[PDB]
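# Per-entry structural report
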Amino acid sequence: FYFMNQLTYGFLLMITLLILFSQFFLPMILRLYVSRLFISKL
Amino acid sequence: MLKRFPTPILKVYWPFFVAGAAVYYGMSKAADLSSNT
Amino acid sequence: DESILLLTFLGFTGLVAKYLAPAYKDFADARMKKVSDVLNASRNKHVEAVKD
Amino acid sequence: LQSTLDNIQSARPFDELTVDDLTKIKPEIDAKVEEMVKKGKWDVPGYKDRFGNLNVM
Amino acid sequence: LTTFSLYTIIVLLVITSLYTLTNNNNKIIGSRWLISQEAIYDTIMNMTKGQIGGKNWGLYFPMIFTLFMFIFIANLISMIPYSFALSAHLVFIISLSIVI
Amino acid sequence: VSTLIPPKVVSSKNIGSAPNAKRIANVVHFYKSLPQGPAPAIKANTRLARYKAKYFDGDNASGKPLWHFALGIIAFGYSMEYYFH
């Protein structure tokens, strides 16, 4: 029945979270990594 | 909000996107061949 | 029929507030004090290096 | 360097400093973050020693 | 409208509700809501650093991140008794495995 | 053969050594640091920001709003029960 429905909105939100977490949520914590490392190393 | 970074998702993650489009085309074949059950 | 699983959920979250919440509280407090202590100590150390 | 010592004396927000203030005081932070993403060395070497990974495993 | 796509919208709202309200004004200190995400990032980081072990190991590290988190969040909403099954649509999850 | 002179060669020495690099790092590190917790922006409202400032800071940091969020799903899905079954 809703094979197209679930599949298409799942594809959209999968590629959405791909680009979203990639561009946003991994480097927003990698900034914390590099910041704490650069303060500790001076 | 959040600092947007150009993180590589087009020049790296192409074949999974290609596979997603191909599975959408396979679902076109399936829902035009086996959705009348 | 479905509110009984809700009752198990409420009792389980009560046990979570009894058991899991102070443990994660203490883990977060310990890591917080550790990172704050190291971050203060490195700064005080190279302040003393400036004095040297 | 006496003024540097007085600057370290009353300007240490070691519990309330912003990492955006760190990018503002050092754009080298932003450069290393963006290059670390773009090359793909997602390891942060020399971090785990004094700043432990505090994960499950 | 479908309740399933609405559940995916609720998932994306929780995704907003894991980092924006978490991060008090971009602080170094790493508050309690951020410690869990730190632990997740480290236990995926040190995992796939040793798993694929490549020189180019981090290049799929976001992907191995984001393929996890969907299953991590969608099995935190169906945990509610008064809920509908999110990831128990086997056509969807098996099709995801086919795509991967 | 004469009065040799290394007491005063400090003027062009002070680049290459290791405390010079640390010194030029941390004199830059100290000026833009805010003095005594200034500009923390302790008051903010965006129709959802007081929820964050009251609940999701490091002071309280309790997961009970998730409880309320779970209660919100008890507000939602049970009402969806009233919409479905």
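The rules behind the values
- Residues numbered from 1 in each chain as written, not as in the entry; some residues may be left out.
- Chains lettered and ligands numbered in written order.
- Part of a larger assembly, values for the part shown.
- Heavy atoms only, no water.
- Residues with missing side-chain atoms left out of burial classes, pairs and counts.
- Helix = DSSP H or I, 4+ residues; strand = E, 2+ residues; numbered from the N terminus.
- Buried < 20%, exposed > 50% of the residue type's maximum accessible area, 1.4 Å probe, protein only.
- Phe/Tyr/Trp six-rings, centres within 6.5 Å; stacked < 30°, edge-to-face > 60°.
- Contact = heavy atoms within 4.5 Å.
- Buried area = accessible area lost by both parts, 1.4 Å probe.
- Salt bridge = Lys/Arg side-chain N within 4 Å of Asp/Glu carboxyl O.
- Polar contact = N/O pair within 3.5 Å; in protein donor to acceptor, adjacent residues only side chain to side chain.

As documented in the archive entry, the model was determined using cryo-EM at 3.6 Å resolution.

### Regarding unusual backbone geometry
Keep in mind that most residues, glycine aside, have a negative phi and that most peptide bonds are trans. Despite not being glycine, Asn26(E) shows a phi value in the positive range, around 55°. Tracing the backbone shows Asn26(E) in the loop between α1 (3-16) and α2 (32-51). Backbone geometry places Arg47(F), a non-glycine residue, at a positive phi of 70°. Here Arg47(F) lies in the loop between α1 (18-31) and α2 (49-55). The exposed category is assigned to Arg47(F), whose relative accessible area is 83%.

### Notes on the packing of aromatic side chains
Summed over the entire model, instances satisfying the criterion amount to 20 aromatic pairs over all chains. Between the aromatic rings of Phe24(A) and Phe25(A), the centroid separation amounts to 6.0 Å while the plane-to-plane angle is 85°, which identifies the pairing as edge-to-face. The interplanar angle of 35° and the centroid separation of 6.0 Å between the aromatic rings of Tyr13(B) and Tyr60(E) together place this pair among those described as tilted. Of this pair, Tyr13(B) sits in the segment before α1 (14-31) while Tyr60(E) sits in the loop between α2 and α3 (61-74), on two different chains. Relative accessible area serves as the criterion here: at 4%, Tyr13(B) is assigned to the buried category. For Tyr60(E), a relative accessible area of 35% translates into the label partly exposed. Members of the aromatic cluster, connected to one another through ring pairs, are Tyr33(A), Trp42(D), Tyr47(D), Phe51(D), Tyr41(E), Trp57(E) and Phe61(E).

### Observations regarding the environment of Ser95(E)
Within the secondary structure, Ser95(E) sits in helix α4 (residues 90-99). By relative accessible area, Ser95(E) is classed as buried at 9%. Contact partners of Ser95(E), with chain neighbours within four places excluded, come to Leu7(A), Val23(B) and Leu90(E).

### Brief notes about the interface of chain A and chain E
Facing 23 residues of chain A, the contacting portion of chain E comprises 28 residues. Of the roughly 2500 Å² buried between chain A and chain E on both sides combined, carbon and sulfur atoms contribute 76%. Sorting the residues of chain A by area buried against chain E places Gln6(A), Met14(A) and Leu26(A) first, and these three jointly supply 24% of that buried surface. At the junction of chain A with chain E, the criterion picks out zero salt bridges. If you look at where chain A meets chain E, you find six residue pairs in polar contact.

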